[PDB]
């Protein structure tokens, strides 16, 4: 069964461009491609994607996400495509990508990355180790500095919200 707000074909579920404020329920566990882009999603509930063990692509770009729950991608071990550009993210939870050994394309640009805060260090270190995976270049909010180019000295735990 296809979520009533979305359109389904094969293993592709298209929930894009539907003025959604939240992730639809009832996304089938056989889903391989999930489009959620161009909505007004402000948060992800913890564990929202855990049943989608076959998911290879998650398109979250052009939303209003201000953070990601810890572990939100942990069960998506086949994930190769993760698109999160044009959101309101300030950091990535530590270890968020640990299980994602099939990841090959990730979009992080057009987010207000908070590089003064030491929570940025997981993302900046991960980018330094997986350079070919980033599509485009995430940049620190208010500066010319690519997130991958953040120096550890420049960060501080006291500059975090």
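Positions refer to the first chain, counted from 1.
Taking the recorded C-alpha temperature factors, which stretch has the higher mean, 38-46 or 105-113?
Mean B over CA atoms: larger for 38-46.
Once you work out the mean C-alpha B-factor for both 116-124 and 54-62 from the entry, which is higher?
The stretch with the larger mean CA B-factor is 116-124.
Please rank the C-alpha B-factors of the chain's modelled residues and tell me whether residue 67 sits in the lowest, middle or highest third.
It belongs to the middle third of the chain when residues are ordered by C-alpha B-factor.
By the recorded C-alpha temperature factor, relative to the other modelled residues in its chain, which third is residue 133 in?
As the PDB entry reports it, the C-alpha B-factor of residue 133 lands in the middle third of its chain.
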